[PDB]
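Just so it is clear, none of the values below were taken in a lab; they were calculated from the coordinates. Counting neighbours? That spans all protein chains shown, and the Cβs are built from the backbone with ideal geometry, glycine included.
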Amino acid sequence: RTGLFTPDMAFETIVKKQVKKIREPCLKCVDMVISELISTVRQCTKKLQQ
Amino acid sequence: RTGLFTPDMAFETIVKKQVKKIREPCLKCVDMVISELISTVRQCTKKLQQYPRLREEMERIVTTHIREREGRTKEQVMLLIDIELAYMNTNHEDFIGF
Amino acid sequence: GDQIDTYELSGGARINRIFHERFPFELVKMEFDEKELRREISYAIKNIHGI
């Protein structure tokens, strides 16, 4: 078809493509938080118990 | 959803609804032209009066042929409108943008 | 519909709008020599006026 107005899917399909990129850093953040919890447990466990 | 831009199918819908109304006058024009041709033929056959039974035959043949062409003319007239409904060409001469 | 091929191509029957914007090129690919047009017009006039 000949275009009169900019289609609304040209916005939506770019936004979805941009949004898919942020899955990775969130999982990196979760892994880092888990690492810190493990380190804290070690400090509270290995150093104070004979 | 919420629109960022005015949708395009409303334009097509309104144009189709208005275009459909044109079929009537085209058929009226065709009928008028057929009548006028029959009148002209019946005038042309006046001079063929020296003989009987040759004026009626020539009027019958030419009138029958002219009436028979009504079908093909009306069919093409309808097709030229269906073709104007099938597609919507907005790149001819129009207010692009706005 | 969704799931359009935003990156790889310009394709999927959108090529046909190029034909609809390419046929306007074929209609002007044709050319003629104006001297032949003038000669042909001159003979058209001389052949319409018989005597």
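With N the number of residues in chain A, Rg(Cα) / (2.2 N^0.38 Å) evaluates to 2.41. The helix-based estimate of mean residue ellipticity at 222 nm for chain B, built from -39,500 (n - 2.57) per DSSP H run of four or more residues and divided by its residue count, is -23000 deg cm²/dmol to the nearest 500. Loop sites by DSSP among the trypsin sites (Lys or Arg not before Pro) of chain C, restricted to those with at most 16 other Cβ atoms within 10 angstrom, leave C:23-51 as the longest stretch without any of them.
Summed over all non-identical Cα pairs, the Kirkwood treatment of chain B gives a radius of 17.7 Å. Ordered by the count of other Cβ atoms within 10 Å of each Cβ, fewest first, C:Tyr43, C:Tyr7 give C:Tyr7, C:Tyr43. Taking only the alpha-carbon positions of chain C and ignoring solvent, what does the Debye formula give for the base-10 log of I(q)/I(0) at q = 0.14, 0.24, 0.31 Å⁻¹? Scattering profile of chain C, log10 relative to I(0): -0.62, -0.92, -1.08. Ranked by how many other Cβ atoms sit within 10 Å of their own Cβ, fewest first, the residues C:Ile45, C:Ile4 fall in the order C:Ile45, C:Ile4. Taking Cα atoms only, the orientation of helix B:9-19 departs from the longest principal axis of chain B by about 20 degrees. The mean sequence distance of close C-alpha pairs (under 8 Å, at least 6 residues apart), as a share of the length of chain B, puts its relative contact order at 35 percent.
The simple Förster model, with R0 at 22 Å and r as the Cβ-Cβ distance, assigns C:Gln3 and B:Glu12 a FRET efficiency of 0.40.
State the number of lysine pairs found in chain B whose Cα atoms come within less than 17 Å, restricting to pairs 8 or more positions apart or on distinct chains. Could you put the intermediate results ahead of the total?
Working: B:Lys20/B:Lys28; B:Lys20/B:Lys74; B:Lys21/B:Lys74; B:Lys28/B:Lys74.
Within chain B, the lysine pair count is 4.
Sorting B:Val77, A:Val19 by the number of Cβ atoms found within 10 Å of their own Cβ, with the fewest placed first, yields A:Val19, B:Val77.
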